[PDB]
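Visitor: Below is one structure. I have some questions about it.
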RNA sequence: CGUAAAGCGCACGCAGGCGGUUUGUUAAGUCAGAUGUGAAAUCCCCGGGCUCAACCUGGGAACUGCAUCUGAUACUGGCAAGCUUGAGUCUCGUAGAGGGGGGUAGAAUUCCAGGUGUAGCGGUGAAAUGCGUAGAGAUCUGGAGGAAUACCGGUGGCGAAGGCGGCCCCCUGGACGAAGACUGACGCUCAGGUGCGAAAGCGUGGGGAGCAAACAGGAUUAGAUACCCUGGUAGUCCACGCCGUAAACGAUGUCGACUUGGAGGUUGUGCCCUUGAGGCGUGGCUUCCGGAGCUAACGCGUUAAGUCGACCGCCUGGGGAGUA
RNA sequence: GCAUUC
Ligand SMILES: [Mg+2]
Ligand SMILES: [Mg+2]
Ligand SMILES: [Mg+2]
Ligand SMILES: [Mg+2]
Ligand SMILES: [Mg+2]
Ligand SMILES: [Mg+2]
Ligand SMILES: [Mg+2]
Ligand SMILES: [Mg+2]
Ligand SMILES: [Mg+2]
Ligand SMILES: [Mg+2]
Ligand SMILES: [Mg+2]
Ligand SMILES: [Mg+2]
Ligand SMILES: [Mg+2]
Ligand SMILES: [Mg+2]
Ligand SMILES: [Mg+2]
Ligand SMILES: [Mg+2]
Ligand SMILES: [Mg+2]
Ligand SMILES: [Mg+2]
Ligand SMILES: [Mg+2]
Ligand SMILES: [Mg+2]
Ligand SMILES: [Mg+2]
Ligand SMILES: [Mg+2]
């Protein structure tokens with residue numbers, strides 16, 4: 001609901017003219033979002049996500065900024081959905097069949113680590129190849145078990161993750177994004193105006209969406 | 001100097017449609033109201049209004065369908081530098097009848113279809129798509 | 001350009017009253033007064049081209065106003081030129 | 001028509017083209033109908049006849065035009081009365097290398113006279129020509145003369161363009177702001193025409209410190225009619241007149257309307273005002289980066305090369321040739 | 001410092 005936080009936008013000189021409808025005022029040289037307008041749109045997106053969750057769809061969370069890398073993982077653990085909390089590799093979806101091999105490598109690398117066959121006297125086997133695990137785990141760990149393209153995209157910043165937005169539009173996947181004053185609209189089907197970096201705001205967003213999916217999933 | 005109030009009028013709709021403006025305002029005139037009156041008839045503009053007596057101002061409420069401008073294209077045909085007069089049988093059709101050309105007949109400003117039905121010619125003002 | 005005292009005198013002489021500064025005769029009279037005054041200026045400043053450009057602007061403006069006055073009503077135009085002693 | 005061929009160097013302007021808004025009136029343009037005419041053939045459409053076809057032939061349409069008559073009055077034009085937003089005048093202020101004339105100051109270069117003083121100075125990649133024991137260069141004092149105005153000085157300002165920098169006075173043009181009053185379309189553009197127009201150049205008469213085509217010498221080089229060096233005339237300066245050309249460039253004609261933004265500079269102005277080398281608005285000019293859109297691309301992008309309108313200029317493969 | 005040509 002219309003609680004504290006979120007309303008704090010970016011500085012006026014970094015604003016994007018396209019979101020003139022969604023701004024309320026330039027308080028203290030900082031734009032503040034029209035919350036009363038945000039709530040109907042936020043609820044709409046939440047309702048749409050529930051409908052997508054109702055049909056056993058898959059929604060993937062995209063947060064790259066350090067302020068949200070840890071939070072998105074918690075959302076992916078509260079529910080059973082997927083996420084990307086580090087750098088979003090170009091072509092995650094356009095050529096998913098190419099990175100699919102990279103996912104397979106994790107399954108083999110994970111198998112050796114868990115089964116103990118990598119515990120050999122050579123440090124090339126023990127360290128040189130094992131270090132690739134977190135390299136691909138921190139990079140593809142949250143996308144391991146998608147098994148294909150998602151059914152909806154949740155983005156914490158429509159501009160910082162502009163690469164993710166562009167790929168979703170090309171594939172036609174529905175896009176839900178937290179769009180801050182400086183971000184670019186018209187690339188997101190359902191735009192959620194508000195702050196993207198405030199910890200109390202990001203936690204509320206991913207925490208809120210993580211609840212509708214579970215009830216919608218039933 | 002401003003020599004084409006009609007052309008400036010049409011330009012504002014074209015510019016307003018491109019900019020996704022809800023409405024555009026400009027100085028009012030009986031001829032402009034005549035053009036504005038016909039345009040509202042077919043649904044190209046949601047409505048028009050005139051405000052002021054000594055300084056009348058014409059405001060047109062533009063409309064959009066599926067997020068794109070309803071007026072696909074609008075161009076001035078008759079100009080002060082070169083004016084166009086068509087007979088009853090020479091009335092043009094825009095987009096093979098999907099569009100309409102505003103014709104200033106002796107009975108008043110009306111669409112080409114109306115002028116053809118009434119059987120009068122006159123000035124071809126503009127084409128609306 | 002022209003002193004305020006001289007400007008007021010012309011306005012009160014050619015116009016209907018002292019606050020009617022828009023009358024065509026007033027405008028022509030003001031321009032004619034300055035043009036006549038500048039005659040001495042360019043008599044000795046023969047090479048002063050930049051200010052001479054402004055003078056021709058007043059000359060052209062006066063001719064444009066006179067033509068309008070003639071078109072609207074010849075009667076007043078004939079009287080105005082006689083009093084100003086121009087159009088020779 | 002920014003860079004491929006193409007925006008006059010820039011202005012003022014007659015003829016011409018075009019023109020804000022309201023009412024009445026005219027019915028010229030325009031539109032409708034009718035009449036006369038638009039020869040026949042040909043083309044055209046439906047038929048007929050040569051065995052079919054070509055060909056011939058009946059009727060129709062067509063001949064997009066012109067003239068007259070009868071009507072319509074939206075639009076353009078004519079006429080009459082209006083209106084204030086275009087444009088212009090007035091009042092009060094502000095900034096500025098805007099222009100013309102006169103005066104004056106300081107630093108510096110060169111030259112002239114004199115003192116001190118002794119063997120070098122000057123110059124180059126190196127060197128020499130050159131200057132100097134007839135006392136140079138250096139250093140100090142006085143004097144003469146010409147030119148340009150360090151710092152300020154800034155993609156700062158002004159002007160139509162060219163262009164315009166010390167200070168002061170005289171004459172003078174334009175621009176902008178604040179409200180208020182006044183005229184009431186008096187406007188925009190412009191062939192021909194006319195005016196202005198860097199530098200170089202030409203004519204007459206002055207002036208001439210520095211700089212410097214030409215020219216001379218010394219070098220460099222295979223040569224060096226150059227680059228470098230030492231000298232140096234016209235010119236550069238002033239008055240008047242002529243020349244009218246520049247990559248005279250934003251390689252982008254002028255005027256008006258419309259169309260997301262961001263950061264500065266410059267020059268007015270309103271307002272909150274005690275919590276000032278403050279806070280929020282509103283004009284003019286100007287620099288940079290960028291959105292839609294546009295463009296062959298580069299890029300332009302509210303100061304358009306975007307979306308429109310009025311008028312003018314100009315282009316039509318390269319060379320020959322902006323030449324005969 | 002100078003230093004051409006195919
Ligand atoms: Mg070229
Ligand atoms: Mg060219
Ligand atoms: Mg030019
Ligand atoms: Mg008119
Ligand atoms: Mg008639
Ligand atoms: Mg015939
Ligand atoms: Mg037959
Ligand atoms: Mg026949
Ligand atoms: Mg009329
Ligand atoms: Mg000419
Ligand atoms: Mg010269
Ligand atoms: Mg000379
Ligand atoms: Mg001489
Ligand atoms: Mg020399
Ligand atoms: Mg030329
Ligand atoms: Mg120049
Ligand atoms: Mg330049
Ligand atoms: Mg040119
Ligand atoms: Mg002009
Ligand atoms: Mg740009
Ligand atoms: Mg020649
Ligand atoms: Mg040879």
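FYI the Cβ positions are ideal-geometry reconstructions off the backbone, even for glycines, and counts take in every protein chain you see. We did not get these values from a lab; they are worked out from the coordinates using the rules stated.
Visitor: Based on a Kirkwood Rh over C-alpha pairs, give the Stokes-Einstein translational diffusion coefficient of chain B at 25 °C and viscosity 0.890 mPa s in µm²/s.
Guide: 163 µm²/s
Visitor: I would also like to ask the following. Starting from the alpha-carbon convex hull of chain A, give the projected area averaged over all orientations, in nm².
Guide: For chain A, averaging the hull's shadow over all directions gives 13.3 nm².
Visitor: Under a point spin-label approximation (7 Å from Cα along Cα-to-Cβ), what is the residue A:98-residue A:217 distance to one decimal in nm?
Guide: Modelled inter-label distance: 3.1 nm.
Visitor: Which number comes out as Rg/Rh for the range B:74-128 once both Rg and the Kirkwood Rh are worked out on C-alpha atoms?
Guide: Result for the range B:74-128 is an Rg/Rh of 0.93.
Visitor: Can I ask one more? How many nm separate the modelled label positions at residue A:70 and residue C:41, each set 7 Å beyond the Cα in the direction of the Cβ?
Guide: 7.9 nm
Visitor: If Rh is defined by the Kirkwood formula over all Cα pairs and Rg also comes from Cα, what ratio Rg/Rh do you get for the protein assembly as shown?
Guide: Result: Rg/Rh = 1.25.
Visitor: Compare A:12, A:203, A:111 in a GNM of chain A, Cα atoms joined below 10 Å, and give the one with the largest fluctuation.
Guide: Checking each option, the largest mean-square fluctuation is seen for A:111.
Visitor: Sticking with this structure for a sec: In Å and from the alpha-carbon atoms only, list the Rg and Dmax of chain C.
Guide: Calculated on Cα positions, Rg and Dmax stand at 13.7, 40 Å.
Visitor: If I build a Gaussian network model for chain A, linking alpha-carbon pairs within less than 10 angstrom, which residue out of A:99, A:202, A:175 has the largest mean-square fluctuation?
Guide: Result: A:99 has the largest fluctuation of those listed.
Visitor: A further question follows. By counting other Cβ atoms within 10 Å of each Cβ, how are C:60, B:1 ranked from fewest to most?
Guide: The most exposed by this proxy come first: B:1, C:60.
Visitor: Nearest 10 degrees is fine. How inclined is helix C:24-44 to the longest principal axis of chain C, computing both from alpha carbons?
Guide: In chain C, helix C:24-44 runs at an angle near 20 degrees to the longest axis.
Visitor: Okay, moving on. Given the -39500 (n - 2.57) contribution per DSSP H run of 4+ residues, what per-residue ellipticity at 222 nm results for chain A, rounded to the nearest 500 deg cm²/dmol?
Guide: Only helices count here, giving -13500 deg cm²/dmol.
Visitor: Let me ask another. Going by Cα centres, the range C:11-88 and the range A:103-141 are how many Å apart?
Guide: Taking the Cα centre of each part, the range C:11-88 and the range A:103-141 sit 97 Å apart.
Visitor: Between residue C:61 and residue A:198, with labels modelled 7 Å along Cα→Cβ, what's the label distance in nm to one decimal, could you check?
Guide: With each label placed 7 Å out from Cα toward Cβ, I get 5.9 nm.
Visitor: Rounded to the nearest 500 deg cm²/dmol, what is the calculated helix-only ellipticity per residue at 222 nm for chain C, with -39500 (n - 2.57) per DSSP H run of length n ≥ 4?
Guide: Using -39500 (n - 2.57) per qualifying helix, the result is -25500 deg cm²/dmol.
Visitor: Turning to a different aspect of this structure: Rg and Dmax in Å for the range C:12-54, alpha carbons only: what are they?
Guide: Every Cα atom of the range C:12-54 included, Rg and Dmax give 13.7, 40 Å.
Visitor: Hey, what D do you get for the range B:5-69 in µm²/s if you plug the Kirkwood alpha-carbon radius into Stokes-Einstein at 4 °C and 1.567 mPa s?
Guide: 109 µm²/s
Visitor: If you don't mind, another one. At 0.36 nm per residue, minus the direct Cα-Cα distance, what do residue C:17 and residue C:68 gain on full extension? Give it in nm, one decimal, please.
Guide: 16.2 nm
Visitor: Based on alpha-carbon centroids, what's the gap between the range B:69-107 and the range B:1-27 in Å, whole number please?
Guide: Here the answer is 18 Å between Cα centres.
Visitor: What translational diffusion coefficient, to the nearest whole µm²/s, does the range A:110-176 have by Stokes-Einstein, given a Kirkwood radius computed over alpha-carbon pairs, a temperature of 25 °C and 0.890 mPa s viscosity?
Guide: 168 µm²/s
Visitor: Starting with the highest mean, order A:101-108, B:31-38 by the number of other Cβ atoms within 10 Å, averaged over the residues of each peptide.
Guide: Answer by packing, highest mean first, reads B:31-38, A:101-108.
Visitor: Helix C:49-72 versus the longest principal axis of chain C: what is the Cα-based angle in degrees, 0 to 90, to the nearest 10?
Guide: Computed tilt is about 10 degrees.
Visitor: Give the order of A:181, B:54 when sorted by the count of other beta carbons within 10 angstrom, beginning with the fewest.
Guide: B:54, A:181
Visitor: Quick check: the angle from helix B:30-42's long axis to the longest principal axis of chain B, C-alpha only, nearest 10 degrees?
Guide: Value to nearest ten degrees: 90.
Visitor: Looking only at A:64, A:38, A:130, which one moves most when chain A is put into a Gaussian network model with springs between Cα atoms under 10 Å?
Guide: A:130
Visitor: So, by mean Cβ neighbours within 10 angstrom, what's the order for B:12-21, A:78-87, C:30-39 with the highest one leading?
Guide: A:78-87, C:30-39, B:12-21
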